[PDB]
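Colleague: The file below is final_37.cif, mmCIF, C-alpha atoms:
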data_structure
loop_
_atom_site.group_PDB
_atom_site.id
_atom_site.type_symbol
_atom_site.label_atom_id
_atom_site.label_comp_id
_atom_site.auth_asym_id
_atom_site.auth_seq_id
_atom_site.Cartn_x
_atom_site.Cartn_y
_atom_site.Cartn_z
ATOM 1 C CA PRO B 1 13.459 -2.747 -27.202
ATOM 2 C CA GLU B 2 13.944 0.427 -25.073
ATOM 3 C CA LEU B 3 16.663 3.106 -24.992
ATOM 4 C CA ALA B 4 16.414 6.672 -23.717
ATOM 5 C CA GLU B 5 15.383 8.734 -26.704
ATOM 6 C CA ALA B 6 17.533 11.727 -27.495
ATOM 7 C CA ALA B 7 15.699 14.782 -26.203
ATOM 8 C CA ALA B 8 13.518 16.426 -28.837
ATOM 9 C CA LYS B 9 14.172 19.828 -27.298
ATOM 10 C CA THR B 10 15.644 21.513 -24.227
ATOM 11 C CA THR B 11 13.530 20.688 -21.134
ATOM 12 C CA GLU B 12 11.060 23.552 -20.389
ATOM 13 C CA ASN B 13 11.422 22.957 -16.597
ATOM 14 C CA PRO B 14 14.631 21.194 -15.353
ATOM 15 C CA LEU B 15 13.358 21.367 -11.714
ATOM 16 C CA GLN B 16 9.746 20.100 -11.899
ATOM 17 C CA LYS B 17 11.165 16.960 -13.516
ATOM 18 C CA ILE B 18 13.686 16.270 -10.748
ATOM 19 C CA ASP B 19 11.261 17.112 -7.949
ATOM 20 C CA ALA B 20 8.933 14.479 -9.418
ATOM 21 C CA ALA B 21 11.791 11.957 -9.550
ATOM 22 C CA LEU B 22 12.800 12.731 -5.957
ATOM 23 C CA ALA B 23 9.170 12.358 -4.884
ATOM 24 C CA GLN B 24 8.881 9.001 -6.603
ATOM 25 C CA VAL B 25 12.197 7.883 -5.133
ATOM 26 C CA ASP B 26 11.688 9.396 -1.689
ATOM 27 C CA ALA B 27 8.176 8.024 -1.545
ATOM 28 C CA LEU B 28 9.394 4.606 -2.601
ATOM 29 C CA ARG B 29 12.077 4.630 0.067
ATOM 30 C CA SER B 30 9.571 5.623 2.727
ATOM 31 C CA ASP B 31 7.218 2.846 1.638
ATOM 32 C CA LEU B 32 10.054 0.319 1.694
ATOM 33 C CA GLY B 33 11.211 1.309 5.158
ATOM 34 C CA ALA B 34 7.833 0.743 6.775
ATOM 35 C CA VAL B 35 7.997 -2.913 5.727
ATOM 36 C CA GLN B 36 11.115 -3.316 7.871
ATOM 37 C CA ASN B 37 9.094 -2.122 10.868
ATOM 38 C CA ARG B 38 6.339 -4.589 9.949
ATOM 39 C CA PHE B 39 8.850 -7.442 9.757
ATOM 40 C CA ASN B 40 10.519 -6.431 13.032
ATOM 41 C CA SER B 41 7.210 -6.398 14.877
ATOM 42 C CA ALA B 42 6.256 -9.726 13.289
ATOM 43 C CA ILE B 43 9.542 -11.214 14.528
ATOM 44 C CA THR B 44 8.922 -10.000 18.082
ATOM 45 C CA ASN B 45 5.414 -11.461 17.802
ATOM 46 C CA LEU B 46 6.659 -14.870 16.641
ATOM 47 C CA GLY B 47 9.234 -15.014 19.440
ATOM 48 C CA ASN B 48 6.614 -14.841 22.180
ATOM 49 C CA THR B 49 4.275 -17.147 20.257
ATOM 50 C CA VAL B 50 7.058 -19.752 19.970
ATOM 51 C CA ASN B 51 7.786 -19.389 23.693
ATOM 52 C CA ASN H 1 -13.830 -44.019 43.845
ATOM 53 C CA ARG H 2 -15.265 -40.520 44.211
ATOM 54 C CA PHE H 3 -11.943 -39.169 45.445
ATOM 55 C CA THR H 4 -10.038 -40.691 42.550
ATOM 56 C CA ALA H 5 -12.415 -39.074 40.109
ATOM 57 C CA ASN H 6 -12.044 -35.716 41.818
ATOM 58 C CA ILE H 7 -8.268 -35.988 41.864
ATOM 59 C CA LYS H 8 -8.170 -36.838 38.186
ATOM 60 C CA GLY H 9 -10.509 -33.993 37.336
ATOM 61 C CA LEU H 10 -8.655 -31.480 39.464
ATOM 62 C CA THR H 11 -5.248 -32.282 37.980
ATOM 63 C CA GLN H 12 -6.575 -32.277 34.439
ATOM 64 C CA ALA H 13 -8.502 -29.131 35.267
ATOM 65 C CA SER H 14 -5.253 -27.643 36.562
ATOM 66 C CA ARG H 15 -3.488 -28.753 33.303
ATOM 67 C CA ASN H 16 -6.045 -26.944 31.137
ATOM 68 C CA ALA H 17 -5.915 -23.768 33.236
ATOM 69 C CA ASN H 18 -2.199 -23.330 32.500
ATOM 70 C CA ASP H 19 -3.249 -23.273 28.850
ATOM 71 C CA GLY H 20 -5.619 -20.406 29.579
ATOM 72 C CA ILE H 21 -2.683 -18.423 30.949
ATOM 73 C CA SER H 22 -0.685 -19.284 27.838
ATOM 74 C CA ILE H 23 -3.495 -18.004 25.626
ATOM 75 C CA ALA H 24 -3.665 -14.789 27.642
ATOM 76 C CA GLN H 25 0.081 -14.303 27.240
ATOM 77 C CA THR H 26 -0.132 -14.915 23.510
ATOM 78 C CA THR H 27 -2.893 -12.326 23.195
ATOM 79 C CA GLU H 28 -0.858 -9.896 25.284
ATOM 80 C CA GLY H 29 2.144 -10.151 22.987
ATOM 81 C CA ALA H 30 0.004 -9.196 20.014
ATOM 82 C CA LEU H 31 -1.688 -6.494 22.039
ATOM 83 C CA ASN H 32 1.668 -5.125 23.133
ATOM 84 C CA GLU H 33 2.803 -4.969 19.510
ATOM 85 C CA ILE H 34 -0.415 -3.159 18.583
ATOM 86 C CA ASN H 35 0.146 -0.686 21.398
ATOM 87 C CA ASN H 36 3.683 -0.037 20.208
ATOM 88 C CA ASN H 37 2.389 0.664 16.710
ATOM 89 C CA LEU H 38 -0.255 2.982 18.155
ATOM 90 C CA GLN H 39 2.261 5.008 20.156
ATOM 91 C CA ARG H 40 4.108 5.835 16.957
ATOM 92 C CA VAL H 41 0.889 6.823 15.218
ATOM 93 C CA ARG H 42 0.022 9.278 17.965
ATOM 94 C CA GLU H 43 3.468 10.851 17.792
ATOM 95 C CA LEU H 44 3.170 11.124 14.004
ATOM 96 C CA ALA H 45 -0.209 12.833 14.374
ATOM 97 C CA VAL H 46 1.329 15.336 16.764
ATOM 98 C CA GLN H 47 4.130 16.014 14.281
ATOM 99 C CA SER H 48 1.595 16.288 11.444
ATOM 100 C CA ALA H 49 -0.470 18.981 13.186
ATOM 101 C CA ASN H 50 1.960 21.943 12.701
ATOM 102 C CA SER H 51 1.041 24.540 10.032
ATOM 103 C CA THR H 52 4.565 24.078 8.697
ATOM 104 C CA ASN H 53 4.507 20.496 7.475
ATOM 105 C CA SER H 54 3.960 20.432 3.726
ATOM 106 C CA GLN H 55 1.466 18.191 1.976
ATOM 107 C CA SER H 56 4.325 16.139 0.558
ATOM 108 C CA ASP H 57 5.148 15.522 4.227
ATOM 109 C CA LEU H 58 1.581 14.515 5.019
ATOM 110 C CA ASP H 59 1.608 11.996 2.172
ATOM 111 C CA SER H 60 4.543 10.157 3.770
ATOM 112 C CA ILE H 61 3.058 10.367 7.272
ATOM 113 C CA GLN H 62 -0.203 8.949 5.910
ATOM 114 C CA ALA H 63 1.758 6.181 4.161
ATOM 115 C CA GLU H 64 3.308 5.260 7.515
ATOM 116 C CA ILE H 65 -0.044 5.450 9.313
ATOM 117 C CA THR H 66 -1.790 3.194 6.786
ATOM 118 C CA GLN H 67 1.075 0.705 6.970
ATOM 119 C CA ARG H 68 0.869 0.603 10.777
ATOM 120 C CA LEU H 69 -2.903 0.134 10.627
ATOM 121 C CA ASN H 70 -2.576 -2.623 8.011
ATOM 122 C CA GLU H 71 -0.114 -4.243 10.398
ATOM 123 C CA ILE H 72 -2.438 -4.104 13.422
ATOM 124 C CA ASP H 73 -5.138 -5.490 11.140
ATOM 125 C CA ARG H 74 -2.871 -8.363 10.087
ATOM 126 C CA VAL H 75 -1.378 -9.332 13.459
ATOM 127 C CA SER H 76 -4.856 -9.561 14.969
ATOM 128 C CA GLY H 77 -6.517 -11.059 11.913
ATOM 129 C CA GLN H 78 -4.176 -14.055 11.693
ATOM 130 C CA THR H 79 -2.825 -15.049 15.080
ATOM 131 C CA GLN H 80 -3.742 -18.312 16.703
ATOM 132 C CA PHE H 81 -3.173 -20.620 19.621
ATOM 133 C CA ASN H 82 -4.088 -24.146 18.429
ATOM 134 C CA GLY H 83 -6.049 -22.963 15.410
ATOM 135 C CA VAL H 84 -8.115 -20.462 17.412
ATOM 136 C CA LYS H 85 -8.145 -16.895 16.081
ATOM 137 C CA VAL H 86 -8.001 -14.953 19.348
ATOM 138 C CA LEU H 87 -8.579 -11.373 18.094
ATOM 139 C CA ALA H 88 -10.401 -11.850 14.788
ATOM 140 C CA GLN H 89 -13.817 -12.377 16.376
ATOM 141 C CA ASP H 90 -15.511 -11.730 19.712
ATOM 142 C CA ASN H 91 -16.613 -14.756 21.745
ATOM 143 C CA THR H 92 -16.267 -16.406 25.140
ATOM 144 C CA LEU H 93 -13.729 -19.089 25.844
ATOM 145 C CA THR H 94 -14.874 -21.131 28.802
ATOM 146 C CA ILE H 95 -12.349 -22.844 31.009
ATOM 147 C CA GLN H 96 -13.250 -26.056 32.787
ATOM 148 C CA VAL H 97 -11.297 -25.268 35.976
ATOM 149 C CA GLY H 98 -12.679 -27.927 38.370
ATOM 150 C CA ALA H 99 -14.129 -31.459 38.150
ATOM 151 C CA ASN H 100 -17.550 -29.804 38.566
ATOM 152 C CA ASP H 101 -19.718 -28.988 35.542
ATOM 153 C CA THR Z 1 25.696 33.316 -18.139
ATOM 154 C CA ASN Z 2 26.706 29.689 -18.542
ATOM 155 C CA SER Z 3 28.017 29.110 -22.051
ATOM 156 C CA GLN Z 4 26.977 26.222 -24.260
ATOM 157 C CA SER Z 5 30.414 24.672 -23.827
ATOM 158 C CA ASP Z 6 29.473 24.638 -20.136
ATOM 159 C CA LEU Z 7 26.129 23.001 -20.840
ATOM 160 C CA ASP Z 8 27.841 20.252 -22.831
ATOM 161 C CA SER Z 9 29.884 19.248 -19.770
ATOM 162 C CA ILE Z 10 26.905 19.519 -17.414
ATOM 163 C CA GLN Z 11 24.903 17.314 -19.785
ATOM 164 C CA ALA Z 12 27.810 14.845 -19.906
ATOM 165 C CA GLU Z 13 27.695 14.635 -16.105
ATOM 166 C CA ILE Z 14 23.899 14.313 -16.067
ATOM 167 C CA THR Z 15 23.880 11.482 -18.619
ATOM 168 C CA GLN Z 16 26.622 9.683 -16.700
ATOM 169 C CA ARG Z 17 24.652 9.949 -13.445
ATOM 170 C CA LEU Z 18 21.503 8.691 -15.169
ATOM 171 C CA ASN Z 19 23.398 5.797 -16.777
ATOM 172 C CA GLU Z 20 24.627 4.994 -13.280
ATOM 173 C CA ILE Z 21 21.154 4.968 -11.702
ATOM 174 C CA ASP Z 22 20.072 2.811 -14.633
ATOM 175 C CA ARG Z 23 22.929 0.380 -13.988
ATOM 176 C CA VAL Z 24 22.761 0.114 -10.190
ATOM 177 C CA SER Z 25 19.051 -0.673 -10.377
ATOM 178 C CA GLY Z 26 19.254 -2.807 -13.500
ATOM 179 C CA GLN Z 27 21.799 -5.253 -12.071
ATOM 180 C CA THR Z 28 21.502 -5.571 -8.317
ATOM 181 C CA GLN Z 29 20.375 -8.759 -6.677
ATOM 182 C CA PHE Z 30 19.797 -10.571 -3.429
ATOM 183 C CA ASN Z 31 20.041 -14.317 -4.199
ATOM 184 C CA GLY Z 32 19.604 -13.902 -7.940
ATOM 185 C CA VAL Z 33 16.522 -11.688 -7.594
ATOM 186 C CA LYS Z 34 16.649 -8.369 -9.460
ATOM 187 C CA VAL Z 35 14.963 -6.101 -6.914
ATOM 188 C CA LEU Z 36 14.573 -2.876 -8.958
ATOM 189 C CA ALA Z 37 14.618 -4.077 -12.568
ATOM 190 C CA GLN Z 38 10.964 -5.131 -12.602
ATOM 191 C CA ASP Z 39 7.822 -4.498 -10.569
ATOM 192 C CA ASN Z 40 6.305 -7.449 -8.700
ATOM 193 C CA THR Z 41 5.219 -8.615 -5.260
ATOM 194 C CA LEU Z 42 7.456 -10.617 -2.996
ATOM 195 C CA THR Z 43 5.332 -12.522 -0.527
ATOM 196 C CA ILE Z 44 6.713 -13.423 2.858
ATOM 197 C CA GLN Z 45 5.518 -16.542 4.629
ATOM 198 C CA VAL Z 46 5.600 -15.024 8.134
ATOM 199 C CA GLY Z 47 3.621 -17.639 10.124
ATOM 200 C CA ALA Z 48 2.938 -21.399 9.965
ATOM 201 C CA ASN Z 49 -0.459 -20.460 8.482
ATOM 202 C CA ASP Z 50 -1.022 -20.446 4.716
ATOM 203 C CA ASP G 1 -3.826 21.224 -31.817
ATOM 204 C CA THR G 2 -6.248 18.292 -32.005
ATOM 205 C CA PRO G 3 -7.446 16.580 -28.825
ATOM 206 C CA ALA G 4 -6.382 12.931 -28.632
ATOM 207 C CA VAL G 5 -9.183 10.635 -29.667
ATOM 208 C CA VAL G 6 -10.191 8.372 -26.863
ATOM 209 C CA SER G 7 -9.960 4.804 -28.090
ATOM 210 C CA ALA G 8 -12.649 2.158 -27.863
ATOM 211 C CA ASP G 9 -10.363 1.012 -25.085
ATOM 212 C CA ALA G 10 -10.912 4.130 -22.964
ATOM 213 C CA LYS G 11 -14.658 4.386 -23.650
ATOM 214 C CA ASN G 12 -15.292 0.665 -23.137
ATOM 215 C CA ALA G 13 -13.059 0.020 -20.127
ATOM 216 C CA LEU G 14 -14.295 3.205 -18.534
ATOM 217 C CA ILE G 15 -17.880 2.303 -19.351
ATOM 218 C CA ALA G 16 -17.769 -1.177 -17.844
ATOM 219 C CA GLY G 17 -15.563 -0.056 -14.980
ATOM 220 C CA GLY G 18 -17.369 3.105 -13.937
ATOM 221 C CA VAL G 19 -20.069 5.777 -14.206
ATOM 222 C CA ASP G 20 -22.404 5.371 -17.204
ATOM 223 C CA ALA G 21 -21.994 4.860 -20.941
ATOM 224 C CA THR G 22 -23.359 8.274 -21.931
ATOM 225 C CA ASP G 23 -20.954 10.094 -19.613
ATOM 226 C CA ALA G 24 -18.091 7.768 -20.544
ATOM 227 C CA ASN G 25 -18.467 8.480 -24.246
ATOM 228 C CA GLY G 26 -18.179 12.174 -23.459
ATOM 229 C CA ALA G 27 -14.886 12.096 -21.559
ATOM 230 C CA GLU G 28 -11.633 13.014 -23.315
ATOM 231 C CA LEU G 29 -8.025 12.656 -22.166
ATOM 232 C CA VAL G 30 -6.477 15.423 -20.047
ATOM 233 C CA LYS G 31 -3.223 15.620 -18.069
ATOM 234 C CA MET G 32 -3.722 16.107 -14.342
ATOM 235 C CA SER G 33 -1.758 18.678 -12.367
ATOM 236 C CA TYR G 34 -2.445 19.098 -8.662
ATOM 237 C CA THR G 35 -1.890 22.443 -6.937
ATOM 238 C CA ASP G 36 -1.310 22.823 -3.197
ATOM 239 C CA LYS G 37 -2.381 25.693 -0.972
ATOM 240 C CA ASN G 38 1.145 27.190 -1.116
ATOM 241 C CA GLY G 39 1.590 27.641 -4.857
ATOM 242 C CA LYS G 40 3.723 24.953 -6.403
ATOM 243 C CA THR G 41 1.918 22.688 -8.811
ATOM 244 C CA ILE G 42 2.656 18.975 -8.840
ATOM 245 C CA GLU G 43 2.235 17.121 -12.095
ATOM 246 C CA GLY G 44 0.445 13.776 -12.137
ATOM 247 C CA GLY G 45 -0.314 11.064 -14.638
ATOM 248 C CA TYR G 46 -2.962 10.874 -17.312
ATOM 249 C CA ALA G 47 -6.668 10.438 -16.672
ATOM 250 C CA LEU G 48 -9.984 9.988 -18.465
ATOM 251 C CA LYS G 49 -12.412 12.772 -17.589
ATOM 252 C CA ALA G 50 -15.734 10.919 -17.658
ATOM 253 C CA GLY G 51 -18.392 13.367 -16.579
ATOM 254 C CA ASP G 52 -16.601 15.271 -13.841
ATOM 255 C CA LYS G 53 -14.915 12.242 -12.275
ATOM 256 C CA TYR G 54 -11.219 11.616 -13.118
ATOM 257 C CA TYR G 55 -10.134 8.263 -14.555
ATOM 258 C CA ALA G 56 -6.680 6.847 -14.030
ATOM 259 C CA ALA G 57 -6.038 6.129 -17.591
ATOM 260 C CA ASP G 58 -2.522 5.924 -19.115
ATOM 261 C CA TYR G 59 -1.528 7.438 -22.409
ATOM 262 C CA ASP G 60 1.334 6.007 -24.507
ATOM 263 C CA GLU G 61 3.558 8.505 -26.428
ATOM 264 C CA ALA G 62 3.660 6.104 -29.438
ATOM 265 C CA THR G 63 0.443 5.729 -31.537
ATOM 266 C CA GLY G 64 -2.614 6.808 -29.506
ATOM 267 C CA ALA G 65 -3.153 3.894 -27.082
ATOM 268 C CA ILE G 66 -5.065 5.028 -23.919
ATOM 269 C CA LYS G 67 -4.891 2.165 -21.401
ATOM 270 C CA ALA G 68 -7.538 1.941 -18.707
ATOM 271 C CA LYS G 69 -6.533 0.508 -15.327
ATOM 272 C CA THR G 70 -8.872 -1.796 -13.482
ATOM 273 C CA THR G 71 -8.691 -3.354 -10.062
ATOM 274 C CA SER G 72 -10.375 -6.738 -10.853
ATOM 275 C CA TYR G 73 -12.009 -7.679 -7.542
ATOM 276 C CA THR G 74 -14.713 -10.334 -7.212
ATOM 277 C CA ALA G 75 -17.901 -8.572 -6.084
ATOM 278 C CA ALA G 76 -21.328 -9.621 -4.757
ATOM 279 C CA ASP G 77 -20.732 -13.292 -5.684
ATOM 280 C CA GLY G 78 -19.860 -12.373 -9.279
ATOM 281 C CA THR G 79 -16.402 -13.271 -10.533
ATOM 282 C CA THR G 80 -14.031 -10.675 -12.005
ATOM 283 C CA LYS G 81 -16.277 -7.599 -12.065
ATOM 284 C CA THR G 82 -13.704 -4.793 -12.514
ATOM 285 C CA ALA G 83 -14.097 -1.033 -11.758
ATOM 286 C CA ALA G 84 -12.391 2.150 -13.034
ATOM 287 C CA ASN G 85 -9.962 4.314 -11.020
ATOM 288 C CA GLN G 86 -11.261 7.356 -9.119
ATOM 289 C CA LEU G 87 -8.979 10.371 -8.599
ATOM 290 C CA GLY G 88 -10.793 11.396 -5.383
ATOM 291 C CA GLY G 89 -9.876 10.817 -1.709
ATOM 292 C CA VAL G 90 -8.844 13.625 0.641
ATOM 293 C CA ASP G 91 -5.719 14.620 -1.278
ATOM 294 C CA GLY G 92 -7.600 13.910 -4.496
ATOM 295 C CA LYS G 93 -4.496 12.456 -6.140
ATOM 296 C CA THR G 94 -5.554 8.893 -5.192
ATOM 297 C CA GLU G 95 -7.923 6.570 -7.155
ATOM 298 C CA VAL G 96 -11.222 5.373 -5.553
ATOM 299 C CA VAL G 97 -12.735 1.987 -6.597
ATOM 300 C CA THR G 98 -16.489 2.365 -6.014
ATOM 301 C CA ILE G 99 -18.050 -0.968 -5.087
ATOM 302 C CA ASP G 100 -21.782 -1.128 -4.205
ATOM 303 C CA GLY G 101 -21.828 2.640 -3.681
ATOM 304 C CA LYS G 102 -18.981 2.416 -1.148
ATOM 305 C CA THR G 103 -15.493 3.687 -1.973
ATOM 306 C CA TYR G 104 -12.546 1.480 -1.039
ATOM 307 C CA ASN G 105 -8.893 1.963 -1.860
ATOM 308 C CA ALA G 106 -7.515 0.338 -4.992
ATOM 309 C CA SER G 107 -4.638 -1.490 -3.243
ATOM 310 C CA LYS G 108 -6.855 -2.243 -0.187
ATOM 311 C CA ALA G 109 -9.371 -3.711 -2.658
ATOM 312 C CA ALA G 110 -6.737 -5.216 -4.997
ATOM 313 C CA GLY G 111 -7.824 -8.867 -5.522
ATOM 314 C CA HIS G 112 -10.063 -8.700 -2.400
ATOM 315 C CA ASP G 113 -13.114 -11.050 -2.201
ATOM 316 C CA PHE G 114 -16.036 -8.879 -0.962
ATOM 317 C CA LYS G 115 -18.118 -12.112 -1.226
ATOM 318 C CA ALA G 116 -16.055 -13.713 1.608
ATOM 319 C CA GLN G 117 -15.732 -10.682 3.968
#
Re-express the file's structure as structure tokens.
Modeller:
Amino acid sequence: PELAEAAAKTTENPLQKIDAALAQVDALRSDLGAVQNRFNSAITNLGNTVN
Amino acid sequence: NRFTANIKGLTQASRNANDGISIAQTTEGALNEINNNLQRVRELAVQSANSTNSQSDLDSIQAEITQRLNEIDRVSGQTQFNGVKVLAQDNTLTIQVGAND
Amino acid sequence: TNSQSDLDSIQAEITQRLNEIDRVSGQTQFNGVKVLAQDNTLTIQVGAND
Amino acid sequence: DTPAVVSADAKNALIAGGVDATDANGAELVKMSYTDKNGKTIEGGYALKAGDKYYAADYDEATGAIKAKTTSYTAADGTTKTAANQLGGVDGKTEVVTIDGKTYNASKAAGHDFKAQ
């Protein structure tokens, strides 16, 4: 039960809205990409521990 | 009889000592990883210092720095050689390297 | 300066782009796992320890 | 033209979670908007202004539901004692979960057992 609701009225600020979306998205991407560094360092840890 | 005992003790003592080296190497791998994470943090701090970087930049740099510090908390909190947390707590590991007490 | 017949086309583009970022996050999957559709924690067993 | 009426939800969750009941009753919903040094203002989520602290409370467009977010961390050998969300920190856009007078992060203290460590 969720569909985008027709806009009540023209957006007061078309920028502010898209800067917030880019910040949420950019921030999410940055957060996601640190986990790849965590996994890479964990893999190089487990290699020497297995050896 | 005394010589046999000494020979047994020395070999076994020798066999345990290799293990000490293995534990040191295991600790060193973790330590090396921590050092690598730290090098990046220092570079990020240097980049962060400029007047120019915005606060939306400093939010991402802080997100990276907290993830690196969570990672050096994890890789030292849970690492073990034979069920022994090497970096979690401070203590002395004593090696019986000789037949003598 | 832009006319309202211009703003109709720009809104048509904007709604198509937003339908597309709704679709590509609604149905994308690695091994039957919708990554962006819902918020949850994926836990990785990275060690023999529990 | 009429300020949204904080629900029993906001006053109660906020009360149990943080500050004091008298202050909690007083707080009313406001929309946060952070401003940098430069000049562009960043808009944030909703909050519950209890006293002068900011509570990370969420307002639903439909009806008047004001949902209060808790962290739910076992504390001082007491199970499930939850706290409110504090919009403090250095940036001030983050939420601080005060536990025993100390302020930990919400994610850092998300399901953490202070009792253990």
Colleague: If we count all atoms listed in the file and set the cut-off at 10 Å, which residues sit around region 93-110 of chain G, ignoring sequence neighbours fewer than 6 positions away in its own chain? Please answer as a list in words.
Modeller: residues 70 of chain H; 17, 18, 19, 32, 33, 34, 44, 45, 54, 55, 56, 70, 71, 72, 73, 74, 75, 76, 81, 82, 83, 84, 85, 86 and 87 of chain G
Colleague: Running the PyMOL selection byres ((chain B) within 12 of (chain G)) on this model by hand, what would come out? Give it as a PyMOL selection string.
Modeller: chain B and resi 5+13+15-21+23-24
Colleague: Written as a PyMOL selection string, what is the full residue list that the PyMOL selection byres ((chain H) within 9 of (chain G)) yields on the file shown?
Modeller: chain H and resi 54-55+59
Colleague: How far is it from CA of residue 36 (chain Z) to CA of residue 69 (chain H), in Å with one decimal?
Modeller: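 These two atoms are separated by 26.4 Å.
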Colleague: Using all atoms listed in the file and a distance of at most 12 Å, pull out the residues of chain Z that contact chain H, as a PyMOL selection string.
Modeller: chain Z and resi 46-50
Colleague: Please, which residues of chain Z lie no more than 12 Å from chain B when the count uses all atoms listed in the file, and can they be set out as a ChimeraX atom specification?
Modeller: /Z:7,11,14-15,18-19,21-22,35-36,42-48
Colleague: For the residues selected in the previous step, produce a file with C-alpha atoms as a PDB file, in the coordinates of the input.
Modeller:
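Just written: again.pdb:
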ATOM      1  CA  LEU Z   7      26.129  23.001 -20.840  1.00  0.00           C
ATOM      2  CA  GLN Z  11      24.903  17.314 -19.785  1.00  0.00           C
ATOM      3  CA  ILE Z  14      23.899  14.313 -16.067  1.00  0.00           C
ATOM      4  CA  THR Z  15      23.880  11.482 -18.619  1.00  0.00           C
ATOM      5  CA  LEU Z  18      21.503   8.691 -15.169  1.00  0.00           C
ATOM      6  CA  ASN Z  19      23.398   5.797 -16.777  1.00  0.00           C
ATOM      7  CA  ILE Z  21      21.154   4.968 -11.702  1.00  0.00           C
ATOM      8  CA  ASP Z  22      20.072   2.811 -14.633  1.00  0.00           C
ATOM      9  CA  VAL Z  35      14.963  -6.101  -6.914  1.00  0.00           C
ATOM     10  CA  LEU Z  36      14.573  -2.876  -8.958  1.00  0.00           C
ATOM     11  CA  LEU Z  42       7.456 -10.617  -2.996  1.00  0.00           C
ATOM     12  CA  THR Z  43       5.332 -12.522  -0.527  1.00  0.00           C
ATOM     13  CA  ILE Z  44       6.713 -13.423   2.858  1.00  0.00           C
ATOM     14  CA  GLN Z  45       5.518 -16.542   4.629  1.00  0.00           C
ATOM     15  CA  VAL Z  46       5.600 -15.024   8.134  1.00  0.00           C
ATOM     16  CA  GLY Z  47       3.621 -17.639  10.124  1.00  0.00           C
ATOM     17  CA  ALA Z  48       2.938 -21.399   9.965  1.00  0.00           C
TER      18      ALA Z  48
END
Colleague: H:52, H:26, H:18, H:11: which is nearest chain B, counting only C-alpha atoms?
Modeller: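 Ranking H:52, H:26, H:18, H:11 by distance to chain B, first place goes to H:26.
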Colleague: Specify as a ChimeraX atom specification all residues of chain H found within 12 Å of chain B, counting all atoms listed in the file.
Modeller: /H:22-37,40,55-76,78-82
Colleague: Just give me the gap between CA of residue 115 (chain G) and CA of residue 24 (chain G) in Å, one decimal is fine.
Modeller: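 For CA of residue 115 (chain G) relative to CA of residue 24 (chain G), the distance reads 27.7 Å.
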Colleague: Excluding same-chain residues fewer than 2 positions from residue 97 (chain H), what lies within 9 Å of it counting only C-alpha atoms, as a PDB file with C-alpha atoms, keeping the file's coordinate frame?
Modeller:
ATOM      1  CA  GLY H   9     -10.509 -33.993  37.336  1.00  0.00           C
ATOM      2  CA  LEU H  10      -8.655 -31.480  39.464  1.00  0.00           C
ATOM      3  CA  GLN H  12      -6.575 -32.277  34.439  1.00  0.00           C
ATOM      4  CA  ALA H  13      -8.502 -29.131  35.267  1.00  0.00           C
ATOM      5  CA  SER H  14      -5.253 -27.643  36.562  1.00  0.00           C
ATOM      6  CA  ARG H  15      -3.488 -28.753  33.303  1.00  0.00           C
ATOM      7  CA  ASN H  16      -6.045 -26.944  31.137  1.00  0.00           C
ATOM      8  CA  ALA H  17      -5.915 -23.768  33.236  1.00  0.00           C
ATOM      9  CA  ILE H  95     -12.349 -22.844  31.009  1.00  0.00           C
ATOM     10  CA  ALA H  99     -14.129 -31.459  38.150  1.00  0.00           C
ATOM     11  CA  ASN H 100     -17.550 -29.804  38.566  1.00  0.00           C
TER      12      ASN H 100
END
Colleague: Once 6 Å is added on each side, what centre and edge lengths in Å to one decimal does the axis-aligned box around all listed atoms of region 25-37 of chain Z have, as lines of an AutoDock Vina configuration file?
Modeller:
center_x = 18.2
center_y = -7.5
center_z = -8.5
size_x = 19.2
size_y = 25.6
size_z = 22.1
Colleague: Could you jot down the CA of residue 92 (chain H) to CA of residue 77 (chain H) separation for me, Å, one decimal place?
Modeller: 17.3 Å
